[PDB]
Structure formats: C-alpha cells, structure tokens
Engineer: 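So that we are looking at the same thing, I have put the structure below in structure tokens.
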Protein chains: 2
Amino acid sequence: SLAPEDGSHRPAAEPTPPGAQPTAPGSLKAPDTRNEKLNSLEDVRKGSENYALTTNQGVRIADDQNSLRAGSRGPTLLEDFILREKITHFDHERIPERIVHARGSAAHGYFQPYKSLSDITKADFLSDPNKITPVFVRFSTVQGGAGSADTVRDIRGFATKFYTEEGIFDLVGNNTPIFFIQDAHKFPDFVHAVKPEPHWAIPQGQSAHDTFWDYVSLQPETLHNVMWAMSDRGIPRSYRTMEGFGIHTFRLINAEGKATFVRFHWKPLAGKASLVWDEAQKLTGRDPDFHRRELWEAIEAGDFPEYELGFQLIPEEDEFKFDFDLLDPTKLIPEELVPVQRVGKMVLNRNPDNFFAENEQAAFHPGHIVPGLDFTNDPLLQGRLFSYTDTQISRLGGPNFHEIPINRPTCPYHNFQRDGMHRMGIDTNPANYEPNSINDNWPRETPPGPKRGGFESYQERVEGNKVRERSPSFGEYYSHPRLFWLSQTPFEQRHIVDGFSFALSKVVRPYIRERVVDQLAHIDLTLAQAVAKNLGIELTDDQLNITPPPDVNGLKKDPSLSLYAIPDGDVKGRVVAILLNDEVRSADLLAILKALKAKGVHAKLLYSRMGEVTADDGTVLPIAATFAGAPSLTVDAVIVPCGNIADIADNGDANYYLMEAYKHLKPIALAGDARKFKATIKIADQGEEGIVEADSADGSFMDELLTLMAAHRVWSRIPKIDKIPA
Amino acid sequence: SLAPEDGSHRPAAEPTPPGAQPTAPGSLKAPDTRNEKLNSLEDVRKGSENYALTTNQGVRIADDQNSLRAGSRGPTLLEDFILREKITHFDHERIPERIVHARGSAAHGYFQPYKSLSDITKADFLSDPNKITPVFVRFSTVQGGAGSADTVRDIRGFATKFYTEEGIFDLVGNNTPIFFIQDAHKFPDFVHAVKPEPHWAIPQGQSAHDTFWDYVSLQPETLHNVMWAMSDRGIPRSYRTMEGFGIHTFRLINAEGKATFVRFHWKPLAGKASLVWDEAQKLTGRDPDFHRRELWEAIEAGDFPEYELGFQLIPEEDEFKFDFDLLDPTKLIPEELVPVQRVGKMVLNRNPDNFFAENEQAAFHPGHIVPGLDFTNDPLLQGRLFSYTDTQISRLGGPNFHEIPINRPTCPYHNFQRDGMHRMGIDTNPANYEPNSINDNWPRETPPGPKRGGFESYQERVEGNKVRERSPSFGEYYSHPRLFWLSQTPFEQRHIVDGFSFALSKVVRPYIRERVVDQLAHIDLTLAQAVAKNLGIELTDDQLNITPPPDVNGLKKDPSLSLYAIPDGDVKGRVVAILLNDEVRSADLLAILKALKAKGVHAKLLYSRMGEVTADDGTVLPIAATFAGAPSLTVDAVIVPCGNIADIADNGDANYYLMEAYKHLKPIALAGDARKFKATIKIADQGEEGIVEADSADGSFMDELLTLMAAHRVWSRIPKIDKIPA
Ligand code: HEM
Ligand code: HEM
C-alpha cells in the first residue's frame, strides 16, 4: 500500500476547474456520462484496482522488480519468459503515425438535429430531433509529427465520426473553408513541400521554409488557403474557438431521389478566437500541449465544447450560377451569397480513457458516408476517397481496423469478408460468398428506400473523354484571396502582413521571396507593398500597375470571413492569472474570485514560490504556480489585487508577467497599490482603454474586466506595444 | 526552366558558414568527402538532374498535375495507375518511431586509434593507428517523439556504429555516466513513468509531471541520474559540447585471453557547455530543431564535431575493490579513482543525403560487438541485449534490417539464414544448412585467434541459484548523488536546485513533492532545504537529522563531474549576433569580422527588417534575420557596432534582444554610441565584468569579447539578473 492515507492521490469524480485536481481517464472522472458508443466499449475496458499483476497469459507475477539470473550478480537467463514478454510488448508499442494530422486531440460526445431534415436528405441521423448520435471528434494540426507542438501556425483538422444507426459517417474537415490544392494528384507534392525538408528533416511544425514557399510561388491555386494560414486563423486560441468546414461540395439525397449540393460547417458556440503570433510561438516552447490540455480540462470542468452543424445548400439547377466552380476546393461559397442553415448541435462531454487505444488508433475517412449523402466530382475529394482506406492498411496493421473498438459501428454489420491480420469476428455463416443457397443467401442485399435501405449512388450524368486535364473553370486564383483580405479588420490585415513577412524572412533563397511578393501584387497592392517593405523589396512599376482581380459575385467583402469583425465573444471557460503578494487584501480577492466564478471564468493564483500565502485577515491562499511556471501566455487576462505590493514590485518575473500580457493585447486590472505597476507598462496617469484600475476590486472593477474579456483582446493597444521591450 | 538564371537556387559545394547558403544533402555539399562506408552507399544513391519523371516501374509521366477523369469536370477513374501508385506510396511513407530516443540527429565520419591497443584488446578497429574505421553517429533525446523539440531537459543518447573489418560494433551510449535504473525488467516501468501519461498523452519532451516523480520517489536508485538531469547536463548547448558514456562495464579481451573491465567515454574536443533553463525552454518554442540544425550547419562549415574515445580500465582482480558494484549502472567510476586513458579520435565530417533513409532507418544495438570485446553481467546491459534485436523486427519491417543500406557491414557477411520480408540478397549457395557436404561446408566456422578469428565468449565463472533477486551490493542510492552535488560549482548547484524546484512545482499531487524532498534530505540537507523553500515545504526535525551518506572511496568531490569547474572552452564554431543600424560604422565592422574570423567564430547580421542596409562607406550588408526572427537564444554573444544608433536606440525588439542575452549570461560588446544601451540593462558607468565597451571596436575590444566567449557564460552576473524584467 503506497497511496497517501488521506486519499489525495485520486481526483474527485465530479466536475472541477483546471488545475484543481489531477486529470484522469474519462470513465473514472465522469462515470455517469454515458452514450451508446461509450457503453458499447465496456466489453473491452479493463480495470486494475484489487487485481493481481499477471503476464498476458494470466500467470501471476511474484517479483516484477528483477530478471531471473544465475546468482544475484549473474547473467540473465533465456528462460525468463516474464521479462521477455514484458520487454517484447514494450519493444513493439509504436505504430506508424498518421501521414498528415499526426498531432491531434480527441473526445467523445453526442449530436442531435434541431428538426427533421427528411425533405432534403434521407440520412437517418438527421431524420428526428429526438435521435441522439454518439460522436468521437479528433482535432489536429497538419504538418508536425505526433510529438510536435499544438500552437504552431498551421491549418487545423476537425474530424467527426458519427456512429449512426445506418452506418458510420465521418465528416473529415479543417478549420478553413478551402484547401491549398485542386487535384488530389498533387497532394504528395504539396505535403512534401510543407513537411520538413528531406535532407535534414527541418523544420517541424512550420511552413516557414524555402520548399513551401517555392511550391506556393509556382502554384497560385494555393494562395487562398495560404492567406487564411497567414492570418490569425492559423493560430487558434483553442479547438473550442475555431470554425470547421467540410471544404468540398457534397450531395444530400432525399427519399424522392432529389440531390441538393451541400457544404458542411461547424460554428463554435464559444465563438471565434485566436492567439497573436509572438504568444503562439512562445507557447509552443512553454506548453507544447496547450490545446490538448485545454480541451481535456474544459471537458473535466463541464465547459463542454459545443458546435452547431450548418449546411450551405445550393439546388442542382444553380450549379453554374457563381463566378467560381462549386467543385473547386480552393474556392469558398460566401455566406452573403448562400447562408448557412442551422442543422443541429454537437456537445463533446467525455475524454477518452486511453489516448493510444482511442485517439491514436481512431480512423476517420471521408468515404465513410451513409444513404442520404453522396459525393461530387470535386477532384480533390475524389482522390481522398482512395487514400484513407489505403493508408489505414499499414497504419493500423491490416484490413480489420474496423474491429479496433473505437472504430466499430454501433449498428449491425454482416458480410462475406473473412480473414486478415488480427481478425476478431468469428463468422458462423456456412457461406462466405453470395449468391449462396447453403445459408439461403444471408446476409442479403437491401434495395434503396426512404429509410433502412441499401446505398445507391445518385445517377449523375458523366460525359467527356478520358483526360488528365484541369477544368478551365478552376483556373482563377486571386479573387478569393482578395475577398478574404478585404473582409478582415485593419488589425487582422496587419497580422496577415506580419505573417507573410515573418514567414518569407525564413526563406533563405531571396528570389523565392520576390516571387511570392509578385503573387501578392496580384491579390492586393496594399498587402504586397506592406510585405515588400518588411522584406526590403521595392515593387516594380509593372507590379504597381497590376489590375486587381474581380469581386466575387459582386462582393467586395463578407464579414463572416473575419474572426473579430462581428463580436461573438464568450468568457466561460477562459482563465485569469491573479498575481498574489504576501499580504493580499482579502476583500479584493473575495470580490474578484466570486465575479469570475459567476461567469464561469477560471482563476490561477500565482506567486514567487509554491505553498501558501496568508491574506490581511488570515485567510490561507493556496498557490497554483509560480510567475515563471505559469506564464501569461497560458491565460486570457491578468488581475493584480492590492496588499503588500512591495513584496512583488521589484520581482522581475512579476513585472515581465505584466509586460508580456500587455504586449499580447490581454486585459489587465490593477486594484489599489497594484496601480504602481502602471510604470512597468508605461500607462498614463489618466489611464488607458484596456487597463482596468480602481482603488479596490469592488463596484464596477470586475464588470469592466469581464467586458474586456468578452472582446478577447485590446486591439487598440497595437500601436502602443512597440515602445515596450518584451 | 524554373530555376533563377543567376544560379542562386544551388548552394556552393564548398564549406560555408551557417546561413550563407541553403543547406543541402551531404553528397552534393561535400562531394569530395569520402570514406569506405560513404562509397559503399553509391549503389543506392539516386540523382535527378536531366532525368525524366517516371512511375516506380520506369514509365515516363506526361502530366503530373492531374488525375485521369471522364471529362475535365468528371469523376476520377480507377484505371489511373499513375495517381494510385503516387498516392499509395505517400499513404505508406511512415514507419513506427523508435520506442525511446525517437528524436535524433545523425552524421557520417571516421575514427582512428592513437596507438595500437593489442596488449589489452584484439579488436581489429583498435589495432593500428593508421587503419581508419568509418562511423555513423546518431545523437538523441529520450522521451519525446520524432517531432518533439531538441532543447528539452532530458538525457541525450550518443550512439556510434563502427563499420569494422571484423564486423559492425555499435557503442550505444548517453551523455551521463549512469542510468536511472538497475535491472532491465524495470525499463518499461521507468519509461512509462517518464513518457506522456496514458490517459491524455501529456506532456511531450518533459519529465516534469506526476508519474515521473511518483516513480522516482518510490525508486531511490533513480536519484543519481535524476541529479544529472536536473543539472545543466540536461540542457546541452550542442551535441558537440556534451560528454558520452557507455555507462556499463564491458570487457576487453586480448589475444592471450586476458579480460580487462572497461567503461567507455567520449570527450568533446569543443569542450563542455550547456544552456540555462529559461533559454533552453524558450528555444524549444523559437527553434525546436536547434540541435539538429547546429549539428548540420557545423558540418557544412567545416566545424566538424570531434570526440576523443577514452577507456577507464579496471583489472579483473580489482572487481570488488570499490565501495560500489562495478556492475551497477546507477554508479559511476570517479576519474579521481580510475583515470580515463585516451584511445582515439572520431571526426563527423559529412551529413547524410536523406534523413529518412539514413537516420530514421539506422539500427544501433549494444549487442553488436566484435572479437576483442565482451559483456559483463550488469543486469541492465543483459536485458538490453534482448530488446534491440526484438524492436527492430517491427520498426524496420522484418529480420532483413541489416540489408537496409545504412545498416550494412562493409566487411564480408555470409551465412545460412534465408528469406524474410524484403529479402535483398540472392544466395547462390546450394546449401542453406551446415554441416553440409554439398557445398563442402562453406561458409565455414573460424576458430578464435589473435586476429580474424571467430567470436568466443570469455569463460566467466557462473555460480549461484536461479533467482529473481537484486544484488545486495546495489542497494545504496545516495552516495553518488551526493558526490555529484558536492563536485558542482556554486552556480551549477543553484541551477540544480532550480531544476528540481521547477519540476516539482508542476507535480499536482503535493504528497509526491514531499516524498521527493524527503529523498533529497538523504543526499544533502543544503540541497533539500533550498528545494523545500521554493516549494513552501518545511523540513521536519527528523529530516534535518538524517546522516549524510558516506564519501565514495574517500572522495569529497571529483571536479571531472562538473561542466565548468575546470576551464575547457573552445570558441571555434560559436556564433555572435551583430545588431546593425542603417549607417553602420564600417571600421567597427571590419575590426569585428576580422577578429571573429581569426578564431573561427561565425556572425549573424540582424536588423529591424530583411533586405540590405548600407554602411557609412557604401558597403551593402545583407541582413540574415530580424531582431525578432533570430533571437538572442540562438547565439553565444551579442555585438552592437556604432553608426546611427538613433535608428535602433528606441526599437523595442533591439532593447529586448540585449535584455534576454544579459539574463541568459551571454557576453555583450558595445562600441561607441552603442554604449547608450548600457541603460536598458542597468550597467554602471564604470562598466561590469561581462560587458565589453570602448569608443570603437579595436583589437583590444575583440580580444576581451573573445576571452568572455571562451568562458562560455558570465556566471558572476547571476545575482544581477533577477531584477531584469525579461
Ligand atoms: C479538403 C481537403 C482535406 C481535408 C479537409 C482533410 C482533412 C484531414 C483530417 C482532418 C485528417 C485527420 C483525421 C484524424 O484526425 O485522424 C486527415 C488525415 C489524412 N488525410 Fe486528409 N484532408 C484533405 C485532403 C487530403 C488529400 C487530397 C489526401 C490524399 C489524396 C488526404 C490524405 C490523408 C491521409 C492519408 C490521412 C491520414 C489518415 C489516417 O492515417 O487515418 N487528405 N485529413
Ligand atoms: C545504459 C542504459 C541505456 C543506454 C545508454 C541506452 C541508449 C540508447 C540510445 C542512445 C538509443 C538510440 C539509438 C539510436 O540513435 O537509434 C536507444 C534506443 C533504444 N533502447 Fe536503449 N539505452 C539504455 C537502456 C535500455 C534498456 C534497459 C532497454 C530495454 C531493455 C533499452 C531499449 C531500447 C530500445 C527498444 C531502443 C530503440 C532501438 C531501435 O528502435 O532501434 N534501452 N537506447
């Protein structure tokens, strides 16, 4: 018996805020959170308490501290089958990581539609608002390995496995509404260009290197998604605060056989929010698991990630009514032209028990559709359909990957397929082929119909010759980048210029930088000049005269493309650092902590060492972390209560904590003598927007801080942050 | 043609300093650097210039930009064999990463002994000072994945494959002279404890989490290597500036059959040097590939990593003469007791061509020894001999891993083994067994002998019963941690205290922190009290009264255990930042670059944007990076020449660059009006040791800066840095 007597080794099985308890497997932290897929995994969950340690053959082990040897200082014997089983299993623990999106974080949840969509699709999981479909969701980056950092600049994946009563449907999307390339045949070229370069395998988790920009300069179809990556969309605050998109146009098919074109969306109910680049880059160093942590701790707190599924629907007769091709995955459909119709809500409310078994082995593939859905001829989607089935045969060891527990359907599955490595199902059918008479032809085909029918593809007309040719309708590359640029606020446009400037500064061959600036001059002259100025490049008179591309169907902006132009901030689940001193004003801290608790905002109490400090009135305050241990990077705002400020006033760490928060545009609130820190961040006597200051933390002090938190960051401070060395 | 007409896409095939040219495959950068192993890989090197693009079956491809479809907006066709081969290969690119040491960086080189060692060993590679043995060396971290960061706190691996004329010898070592655990049976327990925790797979590249410290608190044998890991040994400046050790006692066997015990050492001829923790942790964010890049760029510059192989030799009759067991890999042999005898030199002088083919697929294993070497009963070494053979079967896809080009011997190999996945060798032997008459028994066994003989194990006497028992002589856990602590300088001791304090502050369960401070009180009460203070923990009276462990064979300290107590600096290959302004004083820059060039020290010219600036005499200075883009973390020292200092005097990023370099103890040199920056870092007029200043950058200014650089860091500044908010 090695646990403490007080039981402090074990986290409470109740919702608790980040940092309050050690994290734990989902079925131990939240045993009463259930859904049909979580219940169906019970057959393979293994406990541990009160059981003997055994070999994998069930033989109890007496001494798991030593190898068998001839004498206590002698050679190890080959007959030690307990050592060789344990080391054999260790030696073969790893499987290949995913070729792309190897870094990702996943959770269980459930989906429900708001109303029946039976008029536009026969998909069973969208047929009834009282029908709940379990989900498993993995969010990811694209380029880095499974051990790379979370808050890199990159596109993010957003993959949802829906365990429906008519089959698994995987909606395998990203956090931007287009992809970099048009035809799947180029996907190995693009991904080899963005990945670490092959001689030396550098850089990890970064597209800021010469081969990426060489490919982008030579393939202008990439510029639209490059604009989104260089914007603050490339550095989300959390997986909870990004959008999701299926990117391709797919089809919905109803029971009458009508096809409707659809593009899929996820709206984050916590709103849209991103970091700023210096904060994201530094956070890759101080906490490379920040998004994985934030997701797992939000679910442990009850701050469940919620998203609304929405559809952009285009009738079949409107296929050719836009300036861009619906089948081109480098084009978005502006919401000003085709609004997103709300379809249902997904809540992620339980973490896995074992990351390897459930996250690392999950397999999502966009060819996993159900009756009521179908594909289109988008040539990127069409090649994806080949790739996901193929890659799973080597990543997951053979063709029985659907029998790995996380991947199993919850609905029935029966067919004539047999054998393969690690075959689990033992088929009793006398027949392994059809047609058969010896089992009266079971399992049998099922015709298509309104519900519970077999899958049949929509009978789209195909006409043309066998060609390796890009459609001419796809040959336009600059209008959607320009629409995106013009839809951004002025501070978002500055952050884009800064993204391209920093990236191209890391390209060693200067001609590649000059070729990219030339492509920017085809999108918007203001953007091109601002990036050229940061690179020491002067645009030629020819570049200054390139005519801008046309508007997209008459639009010169669409605010739904901006993260911030239309406020959608939500503070629940955010976190505030509170900088303690050795004699805190207990009344300020009561007022601060209860205001945050009332709005579901978490707090972390920080000091210059661990342990406790005692307040003016004797209240013992427990310290969560030190100023260096939990830097401002990890929080959304900073509060300094009054008390003995001279304890921390000359602490370089405390001062730099405020300077870094200030540089990264975070709200800061200073009570009482904590206003002496105004000198550190150069605030005027009369104050400035974004810094909350009062004689105490009472009256309106907390409401003002919370108002700033709802607007996420203090964008008006951007011109002021340069006169700070931080 | 897509290359620029000026040829600036291609790096010069000559030695160039870091950043002067794009990096490149080794055989293109240094085509005239050869050794027998490098030449033997020519059968599988494949070029590219002037060749047609083909499928893997040799069919020329006409259009690599499109899939075959029925009409240019039609569905992709199954008969597109060119798309499916290209995407099948991409879908199967990944193989499992190594179970430990997944993150690593490698190079080719050569070794030769200084004199014949035939009186102590019959190993052929140590027999002749003029017979050179090619090597391939991989350096690595332990815990993180292949995509994790380089400058984490961790142990580093140092594995060397010697391609000898009597077989491959792999010396598979680490950068500290002991390991964490005593018996291989516990390796999966230890590694699971240090690795990301199984529920959520956090944290990457960090031992600062509950399960690692839970295991250490319950297994005091771990304490010795934990002291090394918490010291600055855990954060090397470069793989060129750390020690190597084989850890175990092995045997040397001479031609007369005499056995000598040996421990292996690598001494870095560039000297020992480490980062400081705040710098290391920030560098994991700003350049997670810093060590991989530094190694590659040192070899491209001709700053070839050099190491001296050394042996500690103990006669067989002295096995039991120390206070510790020679077969216990948690104990080191102090050099004051047994000196390291210099044996030979290894030079790494060429990078690979393809990182996956040569580094990712390399297989090192400490059971690959040759005649003239043998094992001992160290119970950690004994279990290693099973594991490397076993893990390579799944990582590298089967039992023919020795036929992957990097792993092949350069000497003959013939036997009766056949088949296995991806078998390359086509055996013509009519026999596949021996004894045979049908091929007159060839290939034939070879008796042991002085040279070119068969391998025979030393006939060690074995006497004991078959037991799973730890030798009582291994049950001492505190004397070697204490020897290490007492041998560090006072600043190195402060960094150890900080390393334990920072790590244990990240352990959520407070009782684990308490148990580890109790273990520290058994090593040294000053260490224990200093850690306990930073944790808010008070030592009990019983803890204050624990008797310190005995000296190790009379030693109070051994200065070979410190990185810094004995000066051993070498500045060649280090790097200075030079902060430019828009009217640099060309006379200062002349003097600076001349003095750096004379000592082999490289420079990086930095400014507030990219492009060029022009000096006072019209010299056009290309800018390597911005002040933000290449932070002070990446350099060894900073020089600010005179000129138009007003251009940069108020630049926040230039001021922060000096604040960070100052906090991280780096030398700073300020010429002329750059002395105005003394105010940012609070240097008195009279100056400060570690800041070089003068009216101009003459010979005397450069000699003072170079002297500071030879001492690596300005330790005397440590009391002054706590106040700087950086
Ligand atoms: C619209 C463009 C695409 C989007 C939105 C997309 C999205 C994703 C996502 C989110 C994942 C990770 C799923 C998980 O979390 O496990 C993934 C993995 C993958 N993607 Fe795609 N992808 C795109 C295009 C492509 C293309 C064109 C190909 C190849 C022709 C491709 C091949 C793969 C492969 C091989 C994997 C790893 C799958 C696994 O190992 O299970 N992707 N992609
Ligand atoms: C003295 C203690 C040890 C040292 C110095 C050591 C050093 C290393 C080094 C440097 C590597 C990486 C080689 C490379 O660059 O590819 C490595 C890999 C590995 N080690 Fe050890 N190790 C030790 C103990 C152990 C133990 C006790 C076991 C298991 C019984 C073990 C199992 C492995 C395995 C399975 C690999 C991966 C090998 C591969 O995939 O090719 N190590 N170790």
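Order of listing sets the numbers, starting from 1, for every ligand and every atom in it. Lettering follows sequence order; numbering is per chain, from 1. The figures here come from the full heavy-atom set of this structure, side chains too, leaving out hydrogens, waters and symmetry mates.
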Engineer: Which protein non-hydrogen atom lies closest to atom 36 (C) of ligand 1, naming both residue and atom, and how far is it?
Structural biologist: A:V100 CG2, 3.8 Å
Engineer: Just to be sure I'm reading this right: ignoring hydrogens, which of A:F386, A:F158, A:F187 gets closest to atom 29 (C) of ligand 1? Compare them by their nearest heavy atoms.
Structural biologist: A:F187
Engineer: Thinking salt bridges, do A:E93 and B:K195 make one under a 4.0 Å N-O criterion?
Structural biologist: no
Engineer: Return the option from A:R98, B:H92, A:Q392 holding the heavy atom at the smallest distance from atom 41 (O) of ligand 1.
Structural biologist: A:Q392
Engineer: So which bit of A:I247 gets within less than 4.0 Å of ligand 1, heavy atoms only: side chain, backbone, both or neither?
Structural biologist: side chain
Engineer: Among protein heavy atoms, which lies nearest atom 22 (N) of ligand 1, and at what distance?
Structural biologist: A:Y388 OH, 3.0 Å
Engineer: In ligand 2, which numbered atoms sit nearer than 4.0 Å to a non-hydrogen atom of B:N174?
Structural biologist: 4 (C), 5 (C), 7 (C), 10 (C)
Engineer: Please report which non-hydrogen protein atom sits nearest to atom 32 (C) of ligand 1, along with the residue it belongs to and the distance in Å to one decimal place.
Structural biologist: A:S387 OG, 3.3 Å
Engineer: Mind checking whether A:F162 and A:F169 have parallel, tilted or perpendicular rings, split at 30° and 60°?
Structural biologist: parallel
Engineer: Centres of the B:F158 and B:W266 rings: under 6.0 Å?
Structural biologist: yes
Engineer: Tell me: protein heavy atom nearest atom 26 (C) of ligand 1, and distance?
Structural biologist: A:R384 CG, 3.4 Å
Engineer: Which of the numbered atoms in ligand 2 are under 4.0 angstrom from any heavy atom belonging to B:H101?
Structural biologist: 7 (C), 8 (C), 9 (C), 10 (C), 11 (C), 12 (C), 17 (C), 18 (C), 43 (N)
Engineer: Heavy-atom distances under 4.0 Å decide this one: backbone, side chain, both or neither, for A:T391 against ligand 1?
Structural biologist: side chain
Engineer: Of all the atoms in ligand 2, which lie at a distance below 4.0 Å from a heavy atom belonging to B:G157?
Structural biologist: 10 (C)
Engineer: Have a look at A:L171, A:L380, A:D170, A:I99 and point out the one with the heavy atom closest to atom 27 (C) of ligand 1.
Structural biologist: A:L380
Engineer: Give me the residue, atom name and distance of the protein heavy atom closest to atom 1 (C) of ligand 1.
Structural biologist: A:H248 NE2, 3.3 Å
Engineer: Any idea which atoms of ligand 2 are less than 4.0 Å away from a heavy-atom of A:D91?
Structural biologist: 35 (C)
Engineer: If you measure from each heavy atom of B:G173 to ligand 2, is any distance below 4.0 Å?
Structural biologist: yes
